[PDB]
Amino acid sequence: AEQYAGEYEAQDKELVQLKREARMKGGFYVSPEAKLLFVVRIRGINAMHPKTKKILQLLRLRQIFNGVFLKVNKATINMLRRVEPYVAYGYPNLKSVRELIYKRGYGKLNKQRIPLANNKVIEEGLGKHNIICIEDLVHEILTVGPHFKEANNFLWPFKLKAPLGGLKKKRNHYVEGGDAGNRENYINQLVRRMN
Amino acid sequence: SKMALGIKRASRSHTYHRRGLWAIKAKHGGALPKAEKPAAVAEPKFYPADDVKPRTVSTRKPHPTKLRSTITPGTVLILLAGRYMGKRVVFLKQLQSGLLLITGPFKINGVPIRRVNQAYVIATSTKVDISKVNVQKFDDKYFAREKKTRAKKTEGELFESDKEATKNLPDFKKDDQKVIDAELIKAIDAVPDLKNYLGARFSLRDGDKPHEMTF
Amino acid sequence: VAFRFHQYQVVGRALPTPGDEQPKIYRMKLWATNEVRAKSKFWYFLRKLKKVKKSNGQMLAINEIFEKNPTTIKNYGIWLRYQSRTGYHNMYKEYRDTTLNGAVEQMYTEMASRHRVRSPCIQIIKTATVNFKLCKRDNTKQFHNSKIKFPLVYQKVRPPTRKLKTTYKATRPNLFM
Amino acid sequence: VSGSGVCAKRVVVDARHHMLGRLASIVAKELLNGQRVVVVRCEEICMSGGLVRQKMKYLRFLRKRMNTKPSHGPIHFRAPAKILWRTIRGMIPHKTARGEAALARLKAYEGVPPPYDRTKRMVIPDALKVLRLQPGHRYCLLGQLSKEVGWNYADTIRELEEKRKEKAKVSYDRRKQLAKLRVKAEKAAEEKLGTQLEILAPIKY
Amino acid sequence: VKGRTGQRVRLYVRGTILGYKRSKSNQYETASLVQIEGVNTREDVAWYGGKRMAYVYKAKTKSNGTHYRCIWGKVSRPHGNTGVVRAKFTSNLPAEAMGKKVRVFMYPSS
Amino acid sequence: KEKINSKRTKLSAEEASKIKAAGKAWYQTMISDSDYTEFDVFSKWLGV
RNA sequence: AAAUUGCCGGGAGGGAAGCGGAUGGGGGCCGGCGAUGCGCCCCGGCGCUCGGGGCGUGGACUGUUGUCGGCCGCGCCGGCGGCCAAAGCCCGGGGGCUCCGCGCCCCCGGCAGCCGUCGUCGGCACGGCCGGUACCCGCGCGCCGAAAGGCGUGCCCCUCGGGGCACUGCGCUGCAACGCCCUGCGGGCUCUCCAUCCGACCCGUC
RNA sequence: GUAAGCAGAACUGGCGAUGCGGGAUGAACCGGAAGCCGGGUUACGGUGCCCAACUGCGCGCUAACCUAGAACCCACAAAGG
RNA sequence: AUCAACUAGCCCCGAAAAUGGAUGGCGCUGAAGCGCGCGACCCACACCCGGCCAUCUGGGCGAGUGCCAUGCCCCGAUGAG
Ligand SMILES: [Mg+2]
Ligand SMILES: [Mg+2]
Ligand SMILES: [Mg+2]
Ligand SMILES: [Mg+2]
Ligand SMILES: [Mg+2]
Ligand SMILES: [Mg+2]
Ligand SMILES: [Mg+2]
Ligand SMILES: [Mg+2]
Ligand SMILES: [Mg+2]
Ligand SMILES: [Mg+2]
Ligand SMILES: [Mg+2]
Ligand SMILES: [Mg+2]
């Protein structure tokens with residue numbers, strides 16, 4: 001945990017260092033596009049096109065106000081493309097990821113949803129993957145790791161609270177005024193009121 | 001810093017320091033003592049049919065109820081409930097069981113030294129100097145009821161026989177009131193008008209919004 | 001304090017292609033409510049002008065412009081293209097405001113009031129601090145005088161906060177401009 | 001509109017130059033919350049829209065009558081007190097026991113019949129014409145409407161109000177006299193008590 | 001007024017019962033709605049949140065020597081931007097209680 | 001709290017000038033607008 | 001037996017009544033509706049049970065408060081990072097406008113007080129609902145302390161203040177304080193009538 | 001087919017079999033699917049009264065001497081001045 | 001300082017039906033209308049936590065101080081017809 005935190009600040013200073021250096025040297029630095037998405041479903045299980053119903057069943061969003069963590073890649077982001085009217089999604093940061101894992105962390109242990117209230121559950125779900133504590137799980141998700149598949153399929157879909165303070169219109173896209181689709185950085189702003 | 005207190009308490013080394021395993025490394029050699037098999041009663045008078053459970057000695061040690069920040073020995077308080085609601089009294093000190101101990105004084109308010117729950121009082125921004133008063137004589141046993149037997153039903157014949165007799169608060173509480181009342185009046189006359197103030201009772205006359213009212 | 005709009009400048013380019021592996025760079029000055037909305041409007045314009053789509057495009061940077069001197073009043077001009085109910089039109093609107101950002105929000109509200117055009121319909125061609133002695137429009141140019149003076153023909157009476165609000169007030173209010 | 005919350009036994013309302021709909025919604029919520037109102041000078045209520053618009057509205061209201069028994073259908077009132085009372089009945093659910101008990105608290109009068117002459121008449125700032133209409137829009141007075149609709153007591157109310165107004169002018173001059181003497185009395189006590197009364201100086205004006 | 005008879009100190013602010021927590025077609029009798037006299041805004045009811053109230057009515061039969069009755073309750077949370085509160089009582093109020101007075105003391109004070 | 005040398009000299013003046021120079025250069029390319037010399041029928045309307 | 005009718009006593013009624021959910025007001029009815037018994041002791045005879053006193057206690061229901069957890073809402077404050085951060089403030093310099101909103105507009109360079117957005121770290125105060133312990137907590141095996149709690153030794157860190165780490169064992173382990181009433185005009189009821197708010201079209205059927 | 005609350009087809013969903021919150025009322029429109037309860041927060045829809053929520057903070061437009069105008073389906077109005 | 005055309009926002013004309021009549025009603029005119037916003041609030045059997053019922057899955061309990069074993073205890077999800 002000490003070293004994970006140390007590289008969190010190291011990377012956070014490194015981004016500013018690079019951007020400042022690029023401005024200094026004349027050009028500009030393009031930030032590295034996010035490796036991780038947080039997707040949260042915002043529309044209910046009623047009146048769904050069957051292909052969309054399958055998309056959500058595959059993403060593990062089988063109930064309104066569930067949250068899942070997703071790898072970014074052309075396979076999955078074009079899967080979200082097909083189902084954007086039903087999800088709101090974006091780029092989780094460290095606080096959002098860690099406090100989702102702490103306050104709403106459940107593990108798919110033997111098909112049962114075991115609360116992640118102690119370090120020992122991870123010894124059982126993982127440990128063939130060199131993930132031993134909650135902080136290993138948080139790091140190995142956030143910095144999408146060689147074992148992210150297992151450390152996400154271990155996680156149970158986050159069963160989130162209804163958005164405190166309300167929610168804008170769910171009918172439209174976030175760009176047009178609504179809530180579905182990319183809100184790349186602002187899933188962070190939404191999570192503190194889903195959670 | 002409640003969180004910092006929690007961490008410092010939860011540290012293993014400081015748990016050692018608190019539970020005092022050292023000085024248990026003093027008595028019983030340089031190693032922690034053994035425990036034994038007590039309770040050799042072997043004399044059960046009666047065998048309960050259901051699974052047996054004995055009585056609890058509560059091993060849990062609740063935190064004392066905390067006093068408000070705006071309460072200092074020497075404040076003038078406002079009673080809220082009971083027969084003395086509205087009376088303005090003086091907070092002497094928080095007695096050991098967790099309740100406030102107040103005085104009228106009894107000469108001016110008719111409120112004796114009495115025990116009042118912290119919930120039902122409001123602090124006032126005023127202070128009196130009560131460095132010179134003796135209170136140590138007060139405790140919980142001073143107020144412990146020793147309620148009599150439930151074989152007495154208060155009838156019509158007792159209704160005013162108790163009033164026309166003095167078999168009531170015994171004379172030493174009477175005597176006590178005199179000493180506290182004197183030793184606190186001497187310091188109440190130092191503050192102007194405070195005698196009239198404590199003689200008055202607090203009323204919420206029309207157009208008075210409590211949340212707007214300071215205290 | 002909070003501004004409903006912000007003026008960003010967004011730079012993007014096509015993907016590198018092994019023919020012409022250094023694509024040309026496009027910079028645009030956009031108004032939008034936040035970063036993602038600015039970016040999404042940016043790819044709109046490059047798709048309809050430079051034939052560049054986001055999938056075959058790349059975002060280089062989004063930065064937010066702020067105003068030099070929020071404490072000084074500036075005559076602003078906005079050349080804007082909008083869609084009426086029956087076609088498209090080109091307008092010039094002059095405002096006075098301490099920030100271009102506030103002037104743009106003023107313009108969106110004024111368009112939505114005078115012409116029932118919603119924000120999805122308005123394209124801001126050009127913004128320029130058109131200093132005085134060059135403003136073309138009566139409503140702006142009539143405020144260009146020292147020794148300006150006028151009363152408050154219209155002022156609300158209302159308790160300073162909600163706490164003072166009563167239903168019954170024995171005395172008729174005294175209004176005077 | 002939540003309700004004043006005042007604890008008065010009755011609240012008397014000087015309905016001169018207030019708006020019919022808004023005065024009536026405020027009063028209706030007072031009545032529903034349980035506060036007894038007495039609206040006086042109901043004949044002076046201002047209504048937005050021209051006198052011609054209100055005329056046309058009220059004659060459309062007149063054509064509405066039950067065909068097979070006219071005495072049964074709409075009851076088209078003419079007095080300003082009754083027109084306001086009907087308006088408030090519009091906002092109160094009058095087909096429930098709560099509704100009829102609500103209207104029971106409502107007493108509406110033309111003018112100010114005693115014992116409401118010797119009573120401070122509270123106005124509702126949420127409905128005054130001065131604060132609710134933009135000066136320059138056409139409006140009308142409920143009394144002038146009802147006169148043109150079939151209320152035959154306009155002259156009587158005018159007579160009673162002119163008498164009441166002069167009778168109150170006399171008393172108000174009496175209270176000017178008493179007030180100047182009491183001003184003299186306040187300074188008589190002020191220059192009689194000095195250091196004994198400094199405490200009121202920083203909270204007096 | 002002067003030389004009057006009645007309670008000599010009021011240690012409670014009056015309030016009016018106003019209804020129930022209701023949607024357009026439901027009532028939730030568990031929580032009632034109360035208007036405290038003198039409170040006008042959402043922040044100010046945060047002070048009374050907790051201070052218990054009393055519905056004091058009076059029945060037809062005399063019990064324990066009095067017709068007066070008391071049902072007990074407290075201010076749970078604000079209800080809206082205009083100083084209305086939600087009140088929770090030991091046993092749900094009669095529907096006839098809406099419109100009547102309620103005493104709101106300051107017992108659980110601070 | 002008692003005015004110790006709380007944040008003191010951190011960077012030399014000579015590069016502290018170039019950093020601000022690069023900042024102003026970026027802001028100039030940030031607020032620069034197009035010349036609008038492509039719209040030969042709307043030159044009068046656009047003002048240039 | 002019901003349908004149905006009469007009499008007596010009660011109840012309520014502005015063009016239906018009946019029914020569901022809330023309590024409230026009446027009734028009518030419930031003492032397993034609600035307890036007085038445990039431990040310690042001394043006789044006085046019959047270590048054990050009963051008769052007497054002393055003893056610490058203990059009960060249905062209900063109430064308030066405290067403290068721990070859990071969840072939750074709400075308000076206040078502080079620090080940091082990012083932006084070219086700008087700006088006002090203090091100092092400097094450079095342009096264009098020509099009687100002009102004119103002692104005007106624009107721009108750059110120094111500074112060392114407060115002050116937007118985005119991100120983040122933390123502090124506090126109030127309150128709601130549930131829970132009250134065989135495991136997580138907690139208590140004893142030492143002392144001081146009414147108590148919150150303080151107290152040992154050795155190694156690392158800053159070296160002020162103090163901070164971090166450590167050797168670790170046996171056991172035990174259902175949170176408390178005080179009330180109200182106890183045959184009462186009491187308590188509460190799933191029964192009856194009535195009022196009030198909300199809901200509510202008459203069932204079987206094609 | 002002139003059009004049809006018309007007849008016949010394609011992909012999907014709904015109703016039928018379904019309550020519940022909103023659209024005043026409506027089988028299929030909008031939200032949403034359900035064991036019984038307490039607490040919190042919401043979706044759609046709104047905050048003048050009926051009716052729980054602001055006569056809240058802003059900016060304009062409209063004056064209707066025709067029932068001014070006021071909810072996706074929707075309960076319509078045109079050509080033209 | 002002025003003239004003409006063009007254009008589009010609200011409003012007006014265009015605009016006629018039979019029981020009395022329907023922005024849902026009252027009413028509304030620095031709106032309680034129309035267009036765009038900003039806070040907060042109010043509102044489902046929806047979402048989160050907690051109690052309990054049932055179903056389904058997965059477990060523990062014998063040289064038995066041992067159990068309606070068809071029983072008891074534990075974990076997880078779910079509940080429309
Ligand atoms: Mg809220
Ligand atoms: Mg919404
Ligand atoms: Mg849809
Ligand atoms: Mg029979
Ligand atoms: Mg009849
Ligand atoms: Mg019923
Ligand atoms: Mg009952
Ligand atoms: Mg707590
Ligand atoms: Mg069928
Ligand atoms: Mg609920
Ligand atoms: Mg309301
Ligand atoms: Mg025109």
# chains A, B, ... in the order shown; residues from 1 in each chain; ligands from 1

$ residues_around --residues "residue G:76" --least-positions-apart "4" --cutoff "12 Å" --atoms "only C-alpha atoms (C1' of nucleotides)" --output "list in words"
residues 123, 124, 125 and 126 of chain G

$ residues_near_ligand --ligand "ligand 6" --cutoff "10 Å" --atoms "only C-alpha atoms (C1' of nucleotides) and all ligand atoms" --output "JSON, numbers by chain"
{"G": [18, 19, 20, 21]}

$ write_last_selection --atoms "N, CA, C and O atoms (P, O5', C5', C4', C3', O3' and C1' of nucleotides)" --output "PDB file, in the first residue's frame"
ATOM      1  P     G G  18     -72.062   3.311   4.789  1.00  0.00           P
ATOM      2  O5'   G G  18     -71.509   1.877   4.379  1.00  0.00           O
ATOM      3  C5'   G G  18     -72.222   0.696   4.717  1.00  0.00           C
ATOM      4  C4'   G G  18     -71.902  -0.431   3.768  1.00  0.00           C
ATOM      5  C3'   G G  18     -70.437  -0.815   3.662  1.00  0.00           C
ATOM      6  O3'   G G  18     -70.034  -1.715   4.681  1.00  0.00           O
ATOM      7  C1'   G G  18     -71.327  -0.535   1.500  1.00  0.00           C
ATOM      8  P     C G  19     -68.692  -1.444   5.521  1.00  0.00           P
ATOM      9  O5'   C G  19     -67.522  -1.765   4.497  1.00  0.00           O
ATOM     10  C5'   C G  19     -67.374  -3.064   3.957  1.00  0.00           C
ATOM     11  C4'   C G  19     -66.267  -3.119   2.938  1.00  0.00           C
ATOM     12  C3'   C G  19     -64.925  -2.586   3.390  1.00  0.00           C
ATOM     13  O3'   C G  19     -64.206  -3.509   4.177  1.00  0.00           O
ATOM     14  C1'   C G  19     -65.428  -1.713   1.266  1.00  0.00           C
ATOM     15  P     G G  20     -63.036  -2.988   5.138  1.00  0.00           P
ATOM     16  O5'   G G  20     -61.890  -2.561   4.128  1.00  0.00           O
ATOM     17  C5'   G G  20     -61.186  -3.526   3.365  1.00  0.00           C
ATOM     18  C4'   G G  20     -59.933  -2.920   2.809  1.00  0.00           C
ATOM     19  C3'   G G  20     -59.081  -2.201   3.833  1.00  0.00           C
ATOM     20  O3'   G G  20     -58.214  -3.081   4.516  1.00  0.00           O
ATOM     21  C1'   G G  20     -59.418  -0.799   1.970  1.00  0.00           C
ATOM     22  P     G G  21     -57.709  -2.721   5.989  1.00  0.00           P
ATOM     23  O5'   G G  21     -56.814  -1.429   5.763  1.00  0.00           O
ATOM     24  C5'   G G  21     -55.616  -1.494   5.010  1.00  0.00           C
ATOM     25  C4'   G G  21     -54.885  -0.184   5.079  1.00  0.00           C
ATOM     26  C3'   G G  21     -54.762   0.392   6.471  1.00  0.00           C
ATOM     27  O3'   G G  21     -53.659  -0.153   7.159  1.00  0.00           O
ATOM     28  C1'   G G  21     -55.461   2.075   4.957  1.00  0.00           C
TER      29        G G  21
END

$ residues_around --residues "stretch 157-174 of chain D" --least-positions-apart "6" --cutoff "10 Å" --atoms "only C-alpha atoms (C1' of nucleotides)" --output "ChimeraX atom specification"
/D:41,43,110-113,117-118,143

$ write_last_selection --atoms "N, CA and C atoms" --output "PDB file, in the first residue's frame"
ATOM      1  N   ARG D  41     -64.063  45.567   2.690  1.00  0.00           N
ATOM      2  CA  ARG D  41     -63.912  46.383   1.490  1.00  0.00           C
ATOM      3  C   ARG D  41     -63.671  45.506   0.271  1.00  0.00           C
ATOM      4  N   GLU D  43     -65.453  45.281  -2.203  1.00  0.00           N
ATOM      5  CA  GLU D  43     -65.909  45.943  -3.417  1.00  0.00           C
ATOM      6  C   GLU D  43     -64.789  46.622  -4.190  1.00  0.00           C
ATOM      7  N   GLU D 110     -68.905  43.694   1.921  1.00  0.00           N
ATOM      8  CA  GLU D 110     -68.625  44.950   1.248  1.00  0.00           C
ATOM      9  C   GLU D 110     -68.428  46.033   2.291  1.00  0.00           C
ATOM     10  N   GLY D 111     -67.538  46.971   1.993  1.00  0.00           N
ATOM     11  CA  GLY D 111     -67.285  47.990   2.985  1.00  0.00           C
ATOM     12  C   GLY D 111     -66.606  47.407   4.209  1.00  0.00           C
ATOM     13  N   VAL D 112     -66.806  48.058   5.349  1.00  0.00           N
ATOM     14  CA  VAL D 112     -66.281  47.555   6.615  1.00  0.00           C
ATOM     15  C   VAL D 112     -67.365  47.632   7.682  1.00  0.00           C
ATOM     16  N   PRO D 113     -68.303  46.696   7.718  1.00  0.00           N
ATOM     17  CA  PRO D 113     -69.370  46.773   8.696  1.00  0.00           C
ATOM     18  C   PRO D 113     -68.834  46.527  10.090  1.00  0.00           C
ATOM     19  N   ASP D 117     -64.878  48.109  11.959  1.00  0.00           N
ATOM     20  CA  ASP D 117     -64.384  49.470  11.813  1.00  0.00           C
ATOM     21  C   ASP D 117     -63.254  49.761  12.786  1.00  0.00           C
ATOM     22  N   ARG D 118     -63.379  49.302  14.026  1.00  0.00           N
ATOM     23  CA  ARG D 118     -62.390  49.612  15.053  1.00  0.00           C
ATOM     24  C   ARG D 118     -61.391  48.461  15.184  1.00  0.00           C
ATOM     25  N   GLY D 143     -66.127  46.115  -7.693  1.00  0.00           N
ATOM     26  CA  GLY D 143     -67.360  46.853  -7.490  1.00  0.00           C
ATOM     27  C   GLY D 143     -67.906  47.429  -8.777  1.00  0.00           C
TER      28      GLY D 143
END

$ residues_near_ligand --ligand "ligand 2" --cutoff "12 Å" --atoms "only C-alpha atoms (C1' of nucleotides) and all ligand atoms" --output "list in words"
residues 163, 165, 166, 167, 168, 169, 170, 171, 172, 177, 178 and 179 of chain A; 22, 30, 31, 42, 43, 44, 45 and 46 of chain H; 43 of chain I

$ select_by_dssp --residues "stretch 17-141 of chain D" --states "strand (DSSP E)" --output "PyMOL selection string"
chain D and resi 37-40+46-48+106-108+139-141

$ write_last_selection --atoms "C-alpha atoms" --output "compact mmCIF listing (two decimals), in the first residue's frame"
# COMPACT_ATOMS: atom_id res chain seq x y z
CA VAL D 37 -60.28 35.53 7.92
CA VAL D 38 -62.67 38.44 7.49
CA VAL D 39 -62.15 40.21 4.18
CA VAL D 40 -63.60 43.72 4.16
CA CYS D 46 -58.63 45.16 -8.59
CA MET D 47 -58.64 42.55 -11.36
CA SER D 48 -56.23 42.31 -14.24
CA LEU D 106 -64.73 32.83 5.63
CA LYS D 107 -66.75 35.99 6.17
CA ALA D 108 -66.68 38.46 3.29
CA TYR D 139 -57.56 46.53 -14.90
CA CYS D 140 -60.92 46.93 -13.21
CA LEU D 141 -62.53 47.13 -9.79

$ closest_atom_pairs --of "chain G" --to "chain A" --cutoff "10 Å" --atoms "only C-alpha atoms (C1' of nucleotides)" --output "Markdown table"
| residue | atom | partner | partner_atom | distance |
| --- | --- | --- | --- | --- |
| G:81 | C1' | A:13 | CA | 9.4 |
| G:82 | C1' | A:16 | CA | 7.9 |
| G:84 | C1' | A:23 | CA | 9.1 |
| G:119 | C1' | A:188 | CA | 9.7 |
| G:120 | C1' | A:95 | CA | 8.7 |

$ residues_near_ligand --ligand "ligand 8" --cutoff "10 Å" --atoms "only C-alpha atoms (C1' of nucleotides) and all ligand atoms" --output "list in words"
residues 68, 69, 70, 71 and 127 of chain G

$ residues_near_ligand --ligand "ligand 1" --cutoff "8 Å" --atoms "only C-alpha atoms (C1' of nucleotides) and all ligand atoms" --output "NGL selection string"
(:A and (164-165)) or (:G and (73)) or (:H and (41)) or (:I and (41))

$ residues_near_ligand --ligand "ligand 10" --cutoff "9 Å" --atoms "only C-alpha atoms (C1' of nucleotides) and all ligand atoms" --output "list in words"
residues 38, 39 and 40 of chain H; 45 of chain I

$ write_last_selection --atoms "N, CA, C and O atoms (P, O5', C5', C4', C3', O3' and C1' of nucleotides)" --output "PDB file, in the first residue's frame"
ATOM      1  P     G H  38     -44.116   1.528   6.732  1.00  0.00           P
ATOM      2  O5'   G H  38     -42.783   1.966   7.476  1.00  0.00           O
ATOM      3  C5'   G H  38     -42.755   2.074   8.889  1.00  0.00           C
ATOM      4  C4'   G H  38     -41.355   2.263   9.411  1.00  0.00           C
ATOM      5  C3'   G H  38     -40.534   3.345   8.742  1.00  0.00           C
ATOM      6  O3'   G H  38     -40.849   4.645   9.194  1.00  0.00           O
ATOM      7  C1'   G H  38     -39.235   1.404   8.933  1.00  0.00           C
ATOM      8  P     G H  39     -40.691   5.890   8.197  1.00  0.00           P
ATOM      9  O5'   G H  39     -39.130   5.942   7.907  1.00  0.00           O
ATOM     10  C5'   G H  39     -38.226   6.298   8.936  1.00  0.00           C
ATOM     11  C4'   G H  39     -36.809   6.356   8.436  1.00  0.00           C
ATOM     12  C3'   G H  39     -36.574   7.148   7.169  1.00  0.00           C
ATOM     13  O3'   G H  39     -36.566   8.547   7.366  1.00  0.00           O
ATOM     14  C1'   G H  39     -35.403   5.116   7.047  1.00  0.00           C
ATOM     15  P     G H  40     -37.072   9.507   6.189  1.00  0.00           P
ATOM     16  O5'   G H  40     -35.867   9.502   5.156  1.00  0.00           O
ATOM     17  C5'   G H  40     -34.579   9.928   5.563  1.00  0.00           C
ATOM     18  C4'   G H  40     -33.522   9.589   4.546  1.00  0.00           C
ATOM     19  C3'   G H  40     -33.745  10.115   3.142  1.00  0.00           C
ATOM     20  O3'   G H  40     -33.392  11.478   3.003  1.00  0.00           O
ATOM     21  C1'   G H  40     -33.088   7.863   3.031  1.00  0.00           C
TER      22        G H  40
ATOM     23  P     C I  45     -43.164   3.982  -2.900  1.00  0.00           P
ATOM     24  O5'   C I  45     -43.238   2.507  -3.481  1.00  0.00           O
ATOM     25  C5'   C I  45     -42.714   1.406  -2.750  1.00  0.00           C
ATOM     26  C4'   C I  45     -42.790   0.126  -3.543  1.00  0.00           C
ATOM     27  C3'   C I  45     -42.561   0.264  -5.047  1.00  0.00           C
ATOM     28  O3'   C I  45     -41.907  -0.911  -5.526  1.00  0.00           O
ATOM     29  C1'   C I  45     -44.659  -0.708  -4.667  1.00  0.00           C
TER      30        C I  45
END

$ interface_residues --of "chain F" --to "chain C" --cutoff "8 Å" --atoms "only C-alpha atoms" --output "ChimeraX atom specification"
/F:30-31,33,46

$ residues_around --residues "stretch 16-32 of chain E" --least-positions-apart "4" --cutoff "8 Å" --atoms "only C-alpha atoms (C1' of nucleotides)" --output "number ranges by chain"
D: 5, 33; E: 36-37, 86-89, 92-93, 95, 97-102; G: 22, 198-199; H: 51-52; I: 43
